[PDB]
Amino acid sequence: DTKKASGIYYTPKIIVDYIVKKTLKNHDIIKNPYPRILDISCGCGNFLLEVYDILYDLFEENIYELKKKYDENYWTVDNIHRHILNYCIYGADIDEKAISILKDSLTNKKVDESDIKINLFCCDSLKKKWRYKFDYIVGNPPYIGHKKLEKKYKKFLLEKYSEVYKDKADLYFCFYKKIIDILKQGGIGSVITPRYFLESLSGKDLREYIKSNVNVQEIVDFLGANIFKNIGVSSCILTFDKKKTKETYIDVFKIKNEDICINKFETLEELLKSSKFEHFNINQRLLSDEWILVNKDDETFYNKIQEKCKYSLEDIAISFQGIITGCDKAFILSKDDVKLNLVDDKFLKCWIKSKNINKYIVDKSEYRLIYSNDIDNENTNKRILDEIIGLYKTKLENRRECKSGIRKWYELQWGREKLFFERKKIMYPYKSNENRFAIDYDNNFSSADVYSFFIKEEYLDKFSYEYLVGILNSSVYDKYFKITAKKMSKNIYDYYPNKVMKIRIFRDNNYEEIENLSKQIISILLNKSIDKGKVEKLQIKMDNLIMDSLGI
């Protein structure tokens, strides 16, 4: 790694100032002149140095009141520095050099005496035996997903942090849990993390832990905005407390324009109160396992559709992920590749990518998949294995199932069942800016970037493929799905079965007209001299029908 020295992970100063102010704005320094403020991912001290400055001003502005109320010899301006570093600032980080630099910076904040002990711990914050809780906790924890996390460390997290970390969870789930655990009664925590846990299936346990253990004061959701320059992550700020209150309401600040520069205003509060953000309140007591954080109009819209629709896609359809070859370059070839003359056409499948999926129809495929699982003997079709697949034999053997012997070196890692793909079905891209559900007539295969489903036999008399793609591609359903969809990056939502199959659908008197409009759209889209203007008009008419059906 050692990319931390570049500065891409440095938290923007406006974010840091907001989080520190959020935690310390209303601290009664007279009542408690010994607040413990902690950052368990302090790094070089982006947060902790600002904490020092805020504390110094807070002590200096009340120095005489402190001198009068308490030991008058102890409370002096010249003593403020020492008192802060002795009793107030706490930092933990696993990088020794970061701790050393932070110690030097904190010591140089004053610039002889005997010695000042700075409470900086070089350790694994997730393993440290914390000997006391803290008044305030701030910072930016590390984010590490299931692929990039070390195996032994992952075993430790699975054993010890099972309440929030399991399956495809992230390391910052555990940091959330640790922060909550060591926060004092009545304390306040404020952190910047990825936003994905708000909606992701992996974050269900983490959402339950937060909801049941702290009061969430505020969620700032930047959606797909690029808060961290040259980092592909979407960020949010969470502020929570352990204060005894009867109010269970959350301030949600949801950005409206993802193309804004965060330095537009001198402070984050100006941006939050501006027209660039929307604000609304969510009753924490009404949160289910999912957190539906939308304004009143969207909530009314969502509840109307949920109540009106008696079926869901999961009820009526069978869903599946695409082929996972485990090495696409060894099995995927251009349809015009001369090497395909070496492969019998019985082994060749049409192969599409997510970009080949439009609304209602799939682009003509330009790639072929060698379904190598049907190769019986290694001696037969030896040219295919020697001249096409074997070119990547080493990387093929590094696959998990090849090393365990479950798969031959030339087989597909996850070849699924051919019969699921070789039928009329609906396909949609796994990540997209809008609903794009297409009817596949061409027995197209795909990788995991395209998901498929087909209608169950018992529901074929009630739902047709043409009707489903009509309502699923409508503006109503685009908005409806995005209400709870998992926002990933700028103009990209996840379209994964764990949320797509929860989409609810309806049947009523408009079924025939909606289906007919969808058929007209498909017929136009499949023409030779295509002009989509009529398609847009038909789509507008269909959207009007769907809005009439759902009463919105």
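Counting begins at 1, following the sequence as shown. Throughout, rigid core stands for the largest set of C-alpha atoms superposing within 1.5 Å between the two forms.
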258 to 266 versus 74 to 82: which one's CA atoms end up farther from this form in 8 other deposited structures of this protein after a core fit?
258 to 266
Can you tell me whether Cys327 lacks a model in a third or more of the other compared entries?
no
Look at the other compared PDB entries that model both sides of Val111, then say whether a third or more of them leave it out.
yes
Can you tell me how many deposited residues have no coordinates between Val111 and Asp112? The categories are none, 1 to 3, 4 to 9, and 10 or more.
4 to 9
Averaging CA B factors per stretch from the PDB record, which one is higher: 238 to 246 or 418 to 426?
238 to 246
Mean temperature factor over C-alpha atoms, higher-scoring stretch between 353 to 361 and 91 to 99
91 to 99
Can you tell me which of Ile323, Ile316, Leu468, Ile260 has the highest Cα temperature factor in the record?
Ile260
Return the residue from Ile455, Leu206, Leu293, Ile116 that has the highest Cα B-factor in the entry.
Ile116
Where does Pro497 sit by CA temperature factor within its chain: lowest, middle or highest third?
lowest
When the modelled residues of the chain are sorted by Cα temperature factor, does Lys541 land in the lowest, middle or highest third?
middle
Relative to the other modelled residues of the same chain, rank the CA B-factor of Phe481 and answer lowest, middle or highest third.
lowest
Thinking about Cα B factors across the chain, which third does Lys339 belong to?
highest
Among the modelled residues of its chain, does the C-alpha B-factor of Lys68 lie in the lowest, middle or highest third?
middle
